[PDB]
>>> print(open('input15.cif').read())   # mmCIF, C-alpha atoms
data_run
loop_
_atom_site.label_atom_id
_atom_site.label_comp_id
_atom_site.auth_asym_id
_atom_site.auth_seq_id
_atom_site.Cartn_x
_atom_site.Cartn_y
_atom_site.Cartn_z
CA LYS K 9 88.06 -150.70 15.55
CA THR K 10 86.56 -149.12 18.58
CA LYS K 11 82.99 -149.54 17.33
CA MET K 12 81.63 -151.85 14.74
CA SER K 13 80.07 -152.11 11.38
CA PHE K 14 76.52 -153.25 10.86
CA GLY K 15 77.86 -156.38 9.34
CA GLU K 16 79.82 -157.20 12.42
CA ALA K 17 76.89 -156.33 14.55
CA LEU K 18 74.86 -158.73 12.45
CA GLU K 19 77.38 -161.36 13.26
CA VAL K 20 77.11 -160.65 16.96
CA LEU K 21 73.30 -160.79 16.74
CA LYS K 22 73.54 -164.02 14.94
CA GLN K 23 75.68 -165.34 17.76
CA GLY K 24 72.81 -164.40 20.04
CA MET K 25 74.11 -161.21 21.61
CA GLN K 26 72.47 -157.82 21.89
CA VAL K 27 73.62 -154.89 19.80
CA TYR K 28 72.96 -151.15 19.71
CA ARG K 29 74.12 -147.94 18.03
CA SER K 30 75.52 -145.18 20.20
CA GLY K 31 74.11 -142.79 17.61
CA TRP K 32 70.64 -143.76 18.76
CA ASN K 33 68.77 -140.95 20.51
CA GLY K 34 68.46 -142.60 23.90
CA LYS K 35 69.59 -145.38 26.21
CA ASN K 36 68.46 -148.94 27.02
CA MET K 37 67.56 -149.60 23.40
CA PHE K 38 69.09 -152.62 21.82
CA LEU K 39 68.49 -155.30 19.20
CA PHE K 40 68.20 -158.99 19.75
CA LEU K 41 67.49 -161.90 17.43
CA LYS K 42 64.73 -164.37 18.23
CA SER K 43 65.48 -167.47 16.21
CA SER K 44 62.63 -169.40 14.56
CA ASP K 45 60.20 -171.01 17.07
CA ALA K 46 57.93 -173.45 15.32
CA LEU K 47 56.05 -173.87 18.64
CA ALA K 48 54.62 -170.34 18.38
CA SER K 49 51.02 -170.42 17.31
CA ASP K 50 47.80 -168.52 17.19
CA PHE K 51 46.41 -171.21 19.47
CA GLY K 52 48.98 -170.42 22.14
CA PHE K 53 52.68 -171.24 22.29
CA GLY K 54 53.25 -175.00 22.14
CA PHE K 55 49.58 -175.81 21.47
CA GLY K 56 49.38 -175.74 17.67
CA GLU K 57 46.54 -177.78 16.23
CA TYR K 58 47.57 -178.03 12.55
CA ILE K 59 50.82 -179.58 11.30
CA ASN K 60 51.17 -177.06 8.43
CA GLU K 61 50.59 -173.92 10.48
CA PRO K 62 53.02 -171.21 9.29
CA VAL K 63 56.26 -171.10 11.28
CA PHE K 64 57.68 -167.89 12.74
CA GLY K 65 61.12 -167.45 11.21
CA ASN K 66 63.92 -165.38 12.71
CA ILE K 67 62.90 -162.03 13.95
CA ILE K 68 65.03 -159.13 15.01
CA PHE K 69 63.50 -157.19 17.85
CA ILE K 70 64.29 -153.79 19.23
CA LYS K 71 63.75 -153.36 22.90
CA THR K 72 63.00 -149.84 23.69
CA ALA K 73 63.37 -147.73 26.80
CA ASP K 74 59.62 -148.02 27.14
CA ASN K 75 60.40 -151.67 28.06
CA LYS K 76 58.62 -152.55 24.96
CA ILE K 77 59.55 -154.96 22.26
CA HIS K 78 58.96 -154.23 18.58
CA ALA K 79 60.03 -155.81 15.32
CA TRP K 80 63.09 -153.91 14.09
CA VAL K 81 63.04 -152.04 10.82
CA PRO K 82 66.67 -151.37 9.83
CA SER K 83 66.97 -147.75 8.82
CA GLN K 84 69.44 -146.80 6.05
CA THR K 85 71.64 -144.91 8.46
CA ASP K 86 71.48 -147.90 10.82
CA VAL K 87 72.77 -150.26 8.19
CA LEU K 88 75.43 -147.85 7.03
CA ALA K 89 76.44 -146.67 10.51
CA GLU K 90 79.70 -147.62 12.19
CA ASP K 91 78.76 -146.90 15.81
CA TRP K 92 77.45 -150.38 16.69
CA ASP K 93 78.40 -152.00 19.97
CA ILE K 94 77.46 -154.85 22.25
CA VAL K 95 75.28 -154.25 25.25
CA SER K 96 76.87 -155.40 28.48
CA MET I 8 86.75 -169.24 -0.24
CA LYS I 9 83.08 -168.38 0.47
CA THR I 10 80.29 -168.96 -2.04
CA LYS I 11 77.97 -166.15 -1.22
CA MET I 12 77.95 -163.25 1.04
CA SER I 13 76.45 -161.85 4.08
CA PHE I 14 74.75 -158.49 4.14
CA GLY I 15 77.86 -156.95 5.61
CA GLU I 16 79.92 -157.98 2.66
CA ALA I 17 77.26 -156.77 0.39
CA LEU I 18 77.35 -153.45 2.05
CA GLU I 19 81.06 -153.28 1.45
CA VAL I 20 80.41 -154.13 -2.13
CA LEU I 21 77.79 -151.34 -2.19
CA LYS I 22 80.17 -148.87 -0.64
CA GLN I 23 82.59 -149.58 -3.47
CA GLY I 24 79.95 -148.66 -6.01
CA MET I 25 78.76 -151.97 -7.08
CA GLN I 26 75.35 -153.44 -7.45
CA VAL I 27 74.16 -156.22 -5.19
CA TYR I 28 71.32 -158.68 -5.20
CA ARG I 29 69.90 -161.58 -3.24
CA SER I 30 69.47 -164.87 -4.95
CA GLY I 31 66.41 -165.60 -2.80
CA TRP I 32 64.62 -162.62 -4.17
CA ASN I 33 61.53 -163.43 -6.09
CA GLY I 34 61.92 -160.86 -8.71
CA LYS I 35 64.30 -160.76 -11.58
CA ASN I 36 66.31 -157.81 -12.74
CA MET I 37 66.40 -156.47 -9.25
CA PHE I 38 69.31 -154.99 -7.36
CA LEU I 39 70.57 -152.40 -4.90
CA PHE I 40 72.95 -149.56 -5.53
CA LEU I 41 74.38 -146.86 -3.30
CA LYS I 42 74.16 -143.18 -4.23
CA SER I 43 76.64 -140.95 -2.39
CA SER I 44 75.69 -137.70 -0.64
CA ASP I 45 77.29 -135.35 -3.15
CA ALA I 46 75.50 -136.56 -6.28
CA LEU I 47 72.26 -136.41 -4.28
CA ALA I 48 72.66 -132.69 -3.43
CA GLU I 61 71.75 -126.51 6.58
CA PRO I 62 70.46 -129.95 5.54
CA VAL I 63 73.19 -132.24 4.18
CA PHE I 64 72.16 -135.36 2.22
CA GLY I 65 73.39 -138.73 3.38
CA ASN I 66 74.07 -141.77 1.27
CA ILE I 67 70.93 -143.44 0.01
CA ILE I 68 70.54 -147.04 -0.92
CA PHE I 69 68.25 -147.57 -3.84
CA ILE I 70 66.49 -150.68 -5.05
CA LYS I 71 65.80 -151.04 -8.69
CA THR I 72 62.97 -153.24 -9.52
CA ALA I 73 61.97 -155.35 -12.50
CA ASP I 74 59.45 -152.78 -13.42
CA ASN I 75 62.43 -150.52 -14.13
CA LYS I 76 61.74 -148.26 -11.21
CA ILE I 77 63.91 -147.03 -8.42
CA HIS I 78 62.86 -146.66 -4.83
CA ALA I 79 64.60 -145.89 -1.61
CA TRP I 80 65.36 -149.29 -0.19
CA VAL I 81 63.87 -150.45 3.08
CA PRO I 82 66.03 -153.41 4.19
CA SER I 83 63.90 -156.36 5.18
CA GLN I 84 64.77 -158.57 8.15
CA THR I 85 65.25 -161.62 5.97
CA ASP I 86 67.50 -159.46 3.70
CA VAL I 87 69.66 -158.32 6.59
CA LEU I 88 70.01 -161.87 7.93
CA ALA I 89 70.42 -163.61 4.61
CA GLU I 90 73.64 -164.92 3.12
CA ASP I 91 72.63 -165.29 -0.52
CA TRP I 92 73.94 -161.87 -1.54
CA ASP I 93 75.86 -161.48 -4.78
CA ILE I 94 77.25 -158.91 -7.14
CA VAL I 95 75.18 -158.05 -10.20
CA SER I 96 77.48 -158.89 -13.15
CA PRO B 3 22.28 -154.72 4.17
CA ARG B 4 25.57 -155.72 2.75
CA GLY B 5 27.72 -153.30 0.80
CA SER B 6 29.08 -153.10 -2.72
CA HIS B 7 32.60 -152.59 -4.08
CA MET B 8 32.89 -149.07 -5.51
CA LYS B 9 36.64 -149.06 -6.21
CA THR B 10 39.45 -151.36 -7.26
CA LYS B 11 42.22 -149.36 -5.67
CA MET B 12 43.20 -149.55 -2.02
CA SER B 13 45.89 -147.48 -0.45
CA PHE B 14 48.14 -148.46 2.39
CA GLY B 15 46.08 -146.32 4.69
CA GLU B 16 43.01 -148.25 4.03
CA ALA B 17 44.96 -151.40 4.33
CA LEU B 18 46.30 -150.27 7.61
CA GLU B 19 42.96 -149.63 9.11
CA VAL B 20 41.76 -152.95 8.05
CA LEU B 21 44.84 -154.47 9.75
CA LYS B 22 44.08 -152.60 12.94
CA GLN B 23 40.59 -154.05 12.85
CA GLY B 24 42.30 -157.34 12.90
CA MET B 25 42.00 -158.01 9.30
CA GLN B 26 44.50 -159.31 6.79
CA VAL B 27 45.91 -157.48 3.69
CA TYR B 28 48.13 -158.10 0.67
CA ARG B 29 49.30 -156.41 -2.54
CA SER B 30 48.49 -157.49 -6.09
CA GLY B 31 51.92 -156.27 -7.26
CA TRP B 32 53.77 -158.64 -5.01
CA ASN B 33 55.64 -161.35 -6.65
CA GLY B 34 54.31 -164.45 -4.97
CA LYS B 35 51.01 -165.70 -3.53
CA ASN B 36 49.35 -166.44 -0.26
CA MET B 37 51.27 -163.62 1.11
CA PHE B 38 49.67 -161.36 3.51
CA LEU B 39 50.09 -159.06 6.37
CA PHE B 40 48.56 -159.47 9.80
CA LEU B 41 48.82 -157.56 13.04
CA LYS B 42 49.38 -159.09 16.50
CA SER B 43 48.74 -157.07 19.63
CA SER B 44 50.83 -157.15 22.79
CA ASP B 45 48.55 -159.70 24.47
CA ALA B 46 48.12 -161.93 21.43
CA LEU B 47 51.90 -162.02 21.17
CA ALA B 48 52.43 -162.91 24.85
CA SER B 49 50.14 -165.86 24.19
CA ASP B 50 51.65 -166.86 20.80
CA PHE B 51 55.31 -166.61 21.81
CA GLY B 52 54.84 -167.65 25.46
CA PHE B 53 56.67 -164.55 26.74
CA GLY B 54 55.89 -160.98 27.65
CA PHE B 55 53.31 -161.33 30.42
CA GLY B 56 54.42 -158.26 32.35
CA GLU B 57 54.78 -159.91 35.76
CA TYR B 58 58.23 -158.47 36.25
CA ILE B 59 59.34 -154.94 36.54
CA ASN B 60 62.12 -154.68 34.00
CA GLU B 61 60.83 -157.49 31.90
CA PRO B 62 59.86 -156.17 28.57
CA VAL B 63 56.52 -156.64 26.88
CA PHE B 64 55.70 -156.98 23.20
CA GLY B 65 54.25 -154.02 21.40
CA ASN B 66 52.01 -154.40 18.40
CA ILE B 67 53.75 -156.12 15.55
CA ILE B 68 52.91 -156.38 11.88
CA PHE B 69 53.93 -159.64 10.30
CA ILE B 70 53.99 -160.95 6.85
CA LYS B 71 53.23 -164.50 5.89
CA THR B 72 55.19 -165.56 2.89
CA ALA B 73 54.71 -168.42 0.47
CA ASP B 74 57.20 -170.50 2.35
CA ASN B 75 54.59 -170.84 5.07
CA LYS B 76 56.86 -168.63 7.10
CA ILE B 77 56.26 -165.60 9.18
CA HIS B 78 58.52 -162.66 9.46
CA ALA B 79 58.17 -159.24 10.88
CA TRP B 80 57.01 -156.91 8.17
CA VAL B 81 59.27 -154.16 6.96
CA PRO B 82 57.20 -151.38 5.40
CA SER B 83 59.03 -150.54 2.18
CA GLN B 84 58.49 -147.24 0.41
CA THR B 85 56.86 -149.18 -2.46
CA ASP B 86 54.46 -151.08 -0.17
CA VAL B 87 53.55 -147.86 1.59
CA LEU B 88 52.97 -145.86 -1.59
CA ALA B 89 51.30 -148.70 -3.45
CA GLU B 90 47.59 -148.55 -4.18
CA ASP B 91 47.13 -152.16 -5.30
CA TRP B 92 46.24 -153.39 -1.83
CA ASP B 93 43.45 -155.92 -1.42
CA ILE B 94 41.78 -157.55 1.59
CA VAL B 95 42.23 -161.27 2.06
CA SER B 96 38.78 -162.72 1.49
CA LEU R 1 36.27 -112.36 1.66
CA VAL R 2 37.32 -115.83 3.03
CA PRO R 3 36.79 -116.77 6.69
CA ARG R 4 39.40 -118.47 8.72
CA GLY R 5 38.89 -122.01 9.84
CA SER R 6 39.55 -123.48 13.20
CA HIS R 7 42.26 -125.89 14.16
CA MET R 8 40.75 -128.93 15.66
CA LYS R 9 43.18 -130.73 17.91
CA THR R 10 42.81 -134.20 16.37
CA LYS R 11 45.79 -136.23 15.09
CA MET R 12 45.69 -138.74 12.28
CA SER R 13 46.86 -142.15 11.23
CA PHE R 14 49.78 -142.88 8.91
CA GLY R 15 47.36 -143.58 6.16
CA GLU R 16 46.15 -140.08 6.29
CA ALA R 17 49.63 -138.66 6.58
CA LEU R 18 50.61 -140.48 3.48
CA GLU R 19 47.80 -138.94 1.45
CA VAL R 20 48.95 -135.65 2.63
CA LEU R 21 52.51 -136.47 1.65
CA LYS R 22 51.15 -137.44 -1.72
CA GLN R 23 49.43 -134.02 -1.94
CA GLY R 24 52.88 -132.57 -1.48
CA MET R 25 52.59 -131.44 2.11
CA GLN R 26 55.07 -132.26 4.88
CA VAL R 27 54.22 -134.37 7.97
CA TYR R 28 55.67 -135.27 11.32
CA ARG R 29 54.85 -137.42 14.34
CA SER R 30 54.37 -135.66 17.64
CA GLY R 31 55.62 -138.85 19.33
CA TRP R 32 59.07 -138.28 17.89
CA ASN R 33 60.76 -136.60 20.83
CA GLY R 34 62.92 -134.48 18.51
CA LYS R 35 61.99 -131.23 16.79
CA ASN R 36 62.59 -129.80 13.30
CA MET R 37 61.96 -133.27 11.83
CA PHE R 38 59.60 -133.98 8.99
CA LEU R 39 58.82 -136.24 6.13
CA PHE R 40 58.35 -134.98 2.62
CA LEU R 41 57.63 -136.71 -0.64
CA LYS R 42 59.47 -136.17 -3.89
CA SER R 43 57.71 -137.29 -7.01
CA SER R 44 59.12 -139.09 -10.04
CA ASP R 45 59.56 -135.99 -12.23
CA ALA R 46 60.90 -133.79 -9.46
CA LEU R 47 63.43 -136.60 -8.87
CA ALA R 48 64.51 -136.88 -12.52
CA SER R 49 64.96 -133.10 -12.30
CA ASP R 50 66.84 -132.99 -8.98
CA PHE R 51 69.36 -135.76 -9.68
CA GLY R 52 69.30 -135.16 -13.45
CA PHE R 53 68.45 -138.74 -14.30
CA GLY R 54 65.47 -140.75 -15.50
CA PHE R 55 63.49 -138.66 -17.94
CA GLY R 56 62.34 -141.67 -19.98
CA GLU R 57 64.23 -141.24 -23.30
CA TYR R 58 65.58 -144.79 -23.15
CA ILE R 59 63.76 -148.06 -22.79
CA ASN R 60 65.95 -149.81 -20.37
CA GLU R 61 66.51 -146.57 -18.56
CA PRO R 62 65.05 -146.60 -15.15
CA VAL R 63 62.90 -143.94 -13.56
CA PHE R 64 62.90 -142.89 -9.92
CA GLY R 65 59.54 -143.75 -8.37
CA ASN R 66 58.15 -141.66 -5.55
CA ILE R 67 60.43 -141.25 -2.56
CA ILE R 68 59.73 -140.23 1.02
CA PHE R 69 62.61 -138.38 2.54
CA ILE R 70 62.98 -137.23 6.08
CA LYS R 71 64.77 -134.12 7.10
CA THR R 72 66.33 -134.87 10.39
CA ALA R 73 66.89 -132.93 13.52
CA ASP R 74 70.56 -132.83 12.65
CA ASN R 75 69.85 -131.16 9.40
CA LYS R 76 70.39 -134.21 7.27
CA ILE R 77 68.14 -135.52 4.50
CA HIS R 78 67.81 -139.29 4.28
CA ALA R 79 65.49 -141.73 2.61
CA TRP R 80 62.93 -142.51 5.27
CA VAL R 81 62.50 -145.97 6.70
CA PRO R 82 59.17 -146.26 8.61
CA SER R 83 59.40 -148.05 11.91
CA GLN R 84 56.43 -150.25 12.72
CA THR R 85 55.24 -147.93 15.49
CA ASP R 86 55.60 -145.10 12.91
CA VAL R 87 53.17 -147.06 10.77
CA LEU R 88 50.71 -147.92 13.54
CA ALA R 89 50.88 -144.51 15.25
CA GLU R 90 48.11 -141.93 15.29
CA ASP R 91 50.08 -138.87 16.44
CA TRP R 92 50.80 -137.73 12.89
CA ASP R 93 50.23 -134.08 11.98
CA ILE R 94 50.74 -131.65 9.09
CA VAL R 95 53.59 -129.15 9.26
CA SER R 96 52.34 -125.56 9.45
#
>>> encode(input="input15.cif", output="structure tokens")
Amino acid sequence: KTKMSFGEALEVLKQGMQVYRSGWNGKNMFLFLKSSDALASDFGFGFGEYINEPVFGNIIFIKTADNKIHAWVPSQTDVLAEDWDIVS
Amino acid sequence: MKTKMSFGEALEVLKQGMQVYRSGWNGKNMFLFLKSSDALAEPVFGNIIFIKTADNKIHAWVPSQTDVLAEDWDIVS
Amino acid sequence: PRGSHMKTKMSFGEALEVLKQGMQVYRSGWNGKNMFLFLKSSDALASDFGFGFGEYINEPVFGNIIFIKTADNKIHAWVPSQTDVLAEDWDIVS
Amino acid sequence: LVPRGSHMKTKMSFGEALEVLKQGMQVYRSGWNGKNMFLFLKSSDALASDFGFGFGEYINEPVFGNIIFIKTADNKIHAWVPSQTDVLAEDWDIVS
């Protein structure tokens, strides 16, 4: 009960909080969930020309120590791990 | 009473040995199952989640983002 | 001066390179249609999402991101499954 | 009889590393900060052998496709999930 399951971490992400695994080899990495922005477009955010442009759905990002943001690919250990926590 | 499950519940189902699937999946006859370390076997195997596809093949599963966020999970019965 | 198609098969590697040249790719085996991958660079994503301009120390910037457009007219970040990666039924969106 | 070839210092894309993995060789990204890590592929028949399942005698029996594993730094073998930078990277190399 000290650290969480991936499922609980999912729930925290879905609430809008950031989440990370202590097991991760490093610091200042964490996940966050960008909810669907329909304003995001190839023609610049908020300046979409076509009404049926595809909409970005939810995306989970991983922010790395490089201060970079990538789309997160959940690894099998990540989804089975039990060392998830909230960043604060 | 809840009508379908989150991925976390599905994982618990998986950890019990059961097969799970998403209703939103395009394919039919498709599900996940968890193989424990010991049956897999100083490198020590971990658990591996497998996806079985309609083509009757089995691959290591790479969880998609939609999959992880979805709530249309179910037990294969 | 224009080439000719020698082979049906395309591996992920060839698909990848095409993606990095800013081109779109998809798999014949996929269940569904009008599904394809694309790649967005750091700068293209700053412009598309309206965030990640790098004017602040300690403000993160987008890396390169591969997306998948699904039939729902939705975009999600692309998870490279073992099957996708090993497949050799890739084709360029033309 | 056979002269030795030179190592050139060039590193390759994931596409190339995959073909190598499909030739049965092991690979690894330099960019991974850890050591003693590598991918390896296991083919369908080697997998039916090594778990004892899926030799094709039954119709509705399933066969293990190809599988990329990764031996970790911690001496664990797991099914490998490629990160996106993994996929886009060009610091891949063959294990010698």
>>> closest_atom_pairs(input="input15.cif", of="chain R", to="chain K", cutoff="8 Å", atoms="only C-alpha atoms", output="tab-separated table")
residue	atom	partner	partner_atom	distance
R:78	CA	K:84	CA	7.9
R:79	CA	K:84	CA	7.3
R:80	CA	K:83	CA	7.5
R:81	CA	K:83	CA	5.3
R:82	CA	K:81	CA	7.3
R:83	CA	K:81	CA	5.5
R:84	CA	K:81	CA	7.1
R:85	CA	K:78	CA	7.9
>>> residues_near_point(input="input15.cif", point="(67.2, -138.7, 19.3)", cutoff="10 Å", atoms="all atoms listed in the file", output="list in words")
residues 31, 32, 33, 34 and 35 of chain K; 32, 33, 34, 35, 72, 73 and 74 of chain R
>>> interface_residues(input="input15.cif", of="chain B", to="chain K", cutoff="12 Å", atoms="all atoms listed in the file", output="VMD selection string")
chain B and resid 36 to 38 40 to 56 58 to 84
>>> resolve_selection(input="input15.cif", expression="the PyMOL selection byres ((chain R and resi 17) around 12)", output="PDB file with C-alpha atoms, in the frame of the given file")
ATOM      1  CA  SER B  13      45.890-147.480  -0.450  1.00  0.00           C
ATOM      2  CA  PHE B  14      48.140-148.460   2.390  1.00  0.00           C
ATOM      3  CA  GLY B  15      46.080-146.320   4.690  1.00  0.00           C
ATOM      4  CA  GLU B  16      43.010-148.250   4.030  1.00  0.00           C
ATOM      5  CA  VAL B  87      53.550-147.860   1.590  1.00  0.00           C
ATOM      6  CA  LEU B  88      52.970-145.860  -1.590  1.00  0.00           C
TER       7      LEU B  88
ATOM      8  CA  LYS R  11      45.790-136.230  15.090  1.00  0.00           C
ATOM      9  CA  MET R  12      45.690-138.740  12.280  1.00  0.00           C
ATOM     10  CA  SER R  13      46.860-142.150  11.230  1.00  0.00           C
ATOM     11  CA  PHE R  14      49.780-142.880   8.910  1.00  0.00           C
ATOM     12  CA  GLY R  15      47.360-143.580   6.160  1.00  0.00           C
ATOM     13  CA  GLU R  16      46.150-140.080   6.290  1.00  0.00           C
ATOM     14  CA  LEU R  18      50.610-140.480   3.480  1.00  0.00           C
ATOM     15  CA  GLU R  19      47.800-138.940   1.450  1.00  0.00           C
ATOM     16  CA  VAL R  20      48.950-135.650   2.630  1.00  0.00           C
ATOM     17  CA  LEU R  21      52.510-136.470   1.650  1.00  0.00           C
ATOM     18  CA  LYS R  22      51.150-137.440  -1.720  1.00  0.00           C
ATOM     19  CA  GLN R  23      49.430-134.020  -1.940  1.00  0.00           C
ATOM     20  CA  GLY R  24      52.880-132.570  -1.480  1.00  0.00           C
ATOM     21  CA  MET R  25      52.590-131.440   2.110  1.00  0.00           C
ATOM     22  CA  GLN R  26      55.070-132.260   4.880  1.00  0.00           C
ATOM     23  CA  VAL R  27      54.220-134.370   7.970  1.00  0.00           C
ATOM     24  CA  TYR R  28      55.670-135.270  11.320  1.00  0.00           C
ATOM     25  CA  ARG R  29      54.850-137.420  14.340  1.00  0.00           C
ATOM     26  CA  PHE R  38      59.600-133.980   8.990  1.00  0.00           C
ATOM     27  CA  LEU R  39      58.820-136.240   6.130  1.00  0.00           C
ATOM     28  CA  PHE R  40      58.350-134.980   2.620  1.00  0.00           C
ATOM     29  CA  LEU R  41      57.630-136.710  -0.640  1.00  0.00           C
ATOM     30  CA  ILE R  68      59.730-140.230   1.020  1.00  0.00           C
ATOM     31  CA  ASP R  86      55.600-145.100  12.910  1.00  0.00           C
ATOM     32  CA  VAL R  87      53.170-147.060  10.770  1.00  0.00           C
ATOM     33  CA  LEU R  88      50.710-147.920  13.540  1.00  0.00           C
ATOM     34  CA  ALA R  89      50.880-144.510  15.250  1.00  0.00           C
ATOM     35  CA  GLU R  90      48.110-141.930  15.290  1.00  0.00           C
ATOM     36  CA  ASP R  91      50.080-138.870  16.440  1.00  0.00           C
ATOM     37  CA  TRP R  92      50.800-137.730  12.890  1.00  0.00           C
ATOM     38  CA  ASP R  93      50.230-134.080  11.980  1.00  0.00           C
ATOM     39  CA  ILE R  94      50.740-131.650   9.090  1.00  0.00           C
ATOM     40  CA  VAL R  95      53.590-129.150   9.260  1.00  0.00           C
TER      41      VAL R  95
END
>>> resolve_selection(input="input15.cif", expression="the PyMOL selection byres ((chain I) within 8 of (chain K))", output="list in words")
residues 13, 14, 15, 16, 18, 67, 68, 80, 81, 82, 83, 84, 85, 87 and 88 of chain I
>>> write_last_selection(input="input15.cif", atoms="C-alpha atoms", output="PDB file, in the coordinates of the input")
ATOM      1  CA  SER I  13      76.450-161.850   4.080  1.00  0.00           C
ATOM      2  CA  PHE I  14      74.750-158.490   4.140  1.00  0.00           C
ATOM      3  CA  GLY I  15      77.860-156.950   5.610  1.00  0.00           C
ATOM      4  CA  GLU I  16      79.920-157.980   2.660  1.00  0.00           C
ATOM      5  CA  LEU I  18      77.350-153.450   2.050  1.00  0.00           C
ATOM      6  CA  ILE I  67      70.930-143.440   0.010  1.00  0.00           C
ATOM      7  CA  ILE I  68      70.540-147.040  -0.920  1.00  0.00           C
ATOM      8  CA  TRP I  80      65.360-149.290  -0.190  1.00  0.00           C
ATOM      9  CA  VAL I  81      63.870-150.450   3.080  1.00  0.00           C
ATOM     10  CA  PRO I  82      66.030-153.410   4.190  1.00  0.00           C
ATOM     11  CA  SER I  83      63.900-156.360   5.180  1.00  0.00           C
ATOM     12  CA  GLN I  84      64.770-158.570   8.150  1.00  0.00           C
ATOM     13  CA  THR I  85      65.250-161.620   5.970  1.00  0.00           C
ATOM     14  CA  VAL I  87      69.660-158.320   6.590  1.00  0.00           C
ATOM     15  CA  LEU I  88      70.010-161.870   7.930  1.00  0.00           C
TER      16      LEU I  88
END
>>> resolve_selection(input="input15.cif", expression="the PyMOL selection byres ((chain R and resi 67) around 7)", output="PyMOL selection string")
(chain I and resi 78-79) or (chain B and resi 84) or (chain R and resi 41-43+65-66+68-69)
>>> atom_distance(input="input15.cif", atom1="CA of residue 46 (chain I)", atom2="CA of residue 47 (chain R)")
12.3 Å
>>> atom_distance(input="input15.cif", atom1="CA of residue 64 (chain R)", atom2="CA of residue 33 (chain B)")
20.1 Å
